Structures are given as C-alpha cells and as structure tokens.
Visitor: 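Below is one structure. I have some questions about it.
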Amino acid sequence: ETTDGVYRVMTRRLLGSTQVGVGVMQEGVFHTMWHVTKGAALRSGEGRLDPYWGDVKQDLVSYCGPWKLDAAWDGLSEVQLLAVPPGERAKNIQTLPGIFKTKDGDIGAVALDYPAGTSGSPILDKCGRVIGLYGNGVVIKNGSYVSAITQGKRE
Amino acid sequence: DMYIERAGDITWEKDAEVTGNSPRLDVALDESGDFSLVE
Ligand SMILES: Cc1nc(CNC(=O)c2[nH]c([C@H]3CCCNC3)nc2C)c[nH]1
C-alpha cells in the first residue's frame, strides 16, 4: 500500500498487535519519527519498505525515498493535529500552536497530550499540507505534554 | 517485525474540536533528540 494518506505503525513482537506510532505516506515516501521504528524495515502487505534517510537529533526517518514534506507553520494561524490513537479512529484536533524558543531558533509546538503510540501523527495547515509530525516534545511544570511541530528538510 | 495499515486521508476538517493552549517555552535540544526545559 503506497496510497497517499496517514498510516498506523504496528508490531507483533509484544502481546497482540501493538501500535508503536503513526506516519505519512506522500509521493511514494513514508515519513515517521525515528523513535517509532528505530530505523527498522517496515512491511506493507507482501511489500518491504527500507529506510532511506534518518537523524536521531531531528527524530525523523523516511522510507523508499528522500523527505518530501516541506510546508511550514506560518507562526500565526491555527493548525490541526490529525491524531491517530492506538485502537481508536483518526481524529482532527484544532489548536493554536505555542513556541519552543531554542538557541538555534523558534519552533512551533502543539499542547496536546496523547498516548506514546500516537507519535508520528501529522500536523496540517488550512490547505491540508503537512507542516510537521507530532511526538518529539517535553513535559512542562503543569505535568502536561507539549510536542514540537517537527518538520524535515526537502532537498 | 513492523508493518503499516492505512488510517485515513490527510484533510483539514471544518468544525473539528478546538482545544489546547499556546505556551511559549524556553527549551534545549540535546544530541539524542531530547527536548528539555531551560529555566
Ligand atoms: C507523553 C507523550 N509523549 C508522546 C510522544 N512522544 C513519546 O511518547 C516519546 N518520545 C520519546 C523520545 C525519544 C526520541 C527523542 N524524543 C523523545 N520517546 C517516546 C516514547 C505523546 N505523549
């Protein structure tokens, strides 16, 4: 299955079928977070997806080809997290992102808490363009989780 | 061995649940890809 869209990343290594993450299929390239697959190969029916590019610091990995997603948050408008939770149907959640201020620049951030297995879910702009992936963030003084809007670089 | 399953189309949905705040945080990013708070 190479149809464009959002996918669940599963494993039979543990008890039953366990959802470890989510990813985006676009232009024949599967995009997910590095911590979901650890760079391992993926199955899609009979077919095999082999890793092509990855980086532990960015926490991203692409399969079958280079990173294709290049849209960015405009720093003004609301966005939608298309959350794909384990055992639950895909759901769009609209939020206005916060900001991660770093020594290397500012990054958009979404203050939504979801199970670990939701990592890799796409964040979208009003045109439906993927501006980044959910799942690499931090736990604030509140106890709640805030994820960066993680986007790769398209060469 | 890992495998993928389609979960849907990537579209913006009008009238979706609007929630979540917008906090401005001072963070650091380490060599392992871990975000941490700077205070
Ligand atoms: C509380 C909560 N976390 C999420 C999404 N993130 C994770 O679960 C997570 N992040 C990481 C590291 C590993 C690579 C560097 N980034 C952070 N490991 C895991 C399991 C949703 N809700």
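Just the heavy atoms: all of them, side chains too, but no hydrogens, waters or symmetry mates, feed the values below. Note on naming: letters A, B, ... go to the chains in the order of the sequence lines (proteins, then strands), and numbering restarts at 1 for each one.
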Visitor: Of the backbone (N, CA, C, O) and the side chain (C-beta and beyond), which part of A:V84 lies under 4.5 Å from a heavy atom of chain B, both, or neither?
Guide: side chain
Visitor: Might you point out which heavy atoms bring A:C64 and A:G28 nearest each other, and give the distance in Å?
Guide: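 Smallest heavy-atom distance, with atoms named: CB-O, 3.5 Å.
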Visitor: Heavy-atom cut-off 4.5 Å, strictly under: side chain, backbone, both or neither for A:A148 against chain B?
Guide: side chain
Visitor: Examine whether an atom of A:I140 lies under 4.5 Å from a heavy atom of chain B, and if so say whether it belongs to the side chain, the backbone or both; otherwise answer neither.
Guide: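 The answer is both parts of A:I140.
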Visitor: Pick one of side chain, backbone, both or neither for A:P122, based on which atoms fall under 4.5 Å of a heavy atom in chain B.
Guide: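 Looking at A:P122, just its side chain touches chain B.
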Visitor: On a heavy-atom basis, which atom in A:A111 and which in A:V146 lie closest, and how many Å separate them?
Guide: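 Scanning both residues, the minimum pair turns out to be CB-CG2, 3.9 Å.
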Visitor: Under 4.5 Å, counting heavy-atom pairs only, tell me which of B:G20, B:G8, B:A16, B:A28 racks up the most with chain A.
Guide: B:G8
Visitor: Step through the atoms of chain B and chain A and list each donor-acceptor pair whose separation is under 3.5 Å.
Guide:
from: B:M2; atom 1: O; to: A:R43; atom 2: N; distance (Å): 2.9
from: B:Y3; atom 1: N; to: A:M10; atom 2: O; distance (Å): 3.1
from: B:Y3; atom 1: O; to: A:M10; atom 2: N; distance (Å): 2.9
from: B:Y3; atom 1: OH; to: A:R12; atom 2: NH2; distance (Å): 3.3
from: B:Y3; atom 1: OH; to: A:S17; atom 2: OG; distance (Å): 3.3
from: B:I4; atom 1: N; to: A:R43; atom 2: O; distance (Å): 2.9
from: B:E5; atom 1: N; to: A:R8; atom 2: O; distance (Å): 3.0
from: B:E5; atom 1: O; to: A:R8; atom 2: N; distance (Å): 2.7
from: B:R6; atom 1: NE; to: A:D4; atom 2: O; distance (Å): 3.3
from: B:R6; atom 1: NH2; to: A:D4; atom 2: O; distance (Å): 2.8
from: B:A7; atom 1: N; to: A:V6; atom 2: O; distance (Å): 2.8
from: B:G8; atom 1: N; to: A:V6; atom 2: O; distance (Å): 3.4
from: B:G8; atom 1: O; to: A:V6; atom 2: N; distance (Å): 2.9
from: B:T11; atom 1: O; to: A:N92; atom 2: ND2; distance (Å): 3.0
from: B:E13; atom 1: N; to: A:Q80; atom 2: OE1; distance (Å): 3.0
from: B:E13; atom 1: O; to: A:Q80; atom 2: NE2; distance (Å): 2.9
from: B:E17; atom 1: O; to: A:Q94; atom 2: N; distance (Å): 3.0
from: B:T19; atom 1: N; to: A:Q94; atom 2: O; distance (Å): 2.9
from: B:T19; atom 1: O; to: A:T95; atom 2: OG1; distance (Å): 2.8
from: B:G20; atom 1: O; to: A:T95; atom 2: OG1; distance (Å): 3.3
from: B:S22; atom 1: OG; to: A:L96; atom 2: O; distance (Å): 2.6
from: B:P23; atom 1: O; to: A:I99; atom 2: N; distance (Å): 3.2
from: B:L25; atom 1: N; to: A:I99; atom 2: O; distance (Å): 2.9
from: B:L25; atom 1: O; to: A:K101; atom 2: N; distance (Å): 2.8
from: B:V27; atom 1: N; to: A:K101; atom 2: O; distance (Å): 2.9
from: B:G33; atom 1: O; to: A:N136; atom 2: ND2; distance (Å): 3.0

Visitor: A:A41, A:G137, A:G128, A:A40: which one forms the most heavy-atom pairs within less than 4.5 Å of chain B?
Guide: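 That would be A:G137.
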Visitor: Considering the options A:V130, A:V6, A:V22, which one meets the side chain to side chain contact (heavy atoms under 4.5 Å, CB included) requirement together with A:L82?
Guide: A:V6
Visitor: Let me know if A:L96 has heavy atoms under 4.5 Å from chain B in its side chain, its backbone, both or neither.
Guide: both
Visitor: When only pairs under 4.5 Å are counted, which of A:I99, A:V24, A:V138 shares the most heavy-atom pairs with chain B?
Guide: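 So the answer, after comparing A:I99, A:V24, A:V138, is A:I99.
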Visitor: Between A:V36 and chain B, with a heavy-atom cut-off of 4.5 Å, which part of the residue counts as in contact: side chain, backbone, both or neither?
Guide: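 The answer is the backbone of A:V36.
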Visitor: Are A:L124 and A:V110 linked, directly or through intermediate hydrophobic residues, by side-chain heavy-atom contacts shorter than 4.5 Å (ILVMFWY only)?
Guide: no
Visitor: By a 4.5 Å heavy-atom criterion (distance strictly below it), what part of A:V9 contacts chain B: side chain, backbone, both, or neither?
Guide: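 Both backbone and side chain.
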Visitor: How far does CG of A:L133 sit from CD1 of A:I123, to the nearest 0.5 angstrom?
Guide: 7.0 Å
Visitor: Return the minimal non-hydrogen interatomic distance between A:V61 and A:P51, and the atom names on each side.
Guide: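 Distance-wise, the nearest heavy atoms are CG2-CB, 4.5 Å.
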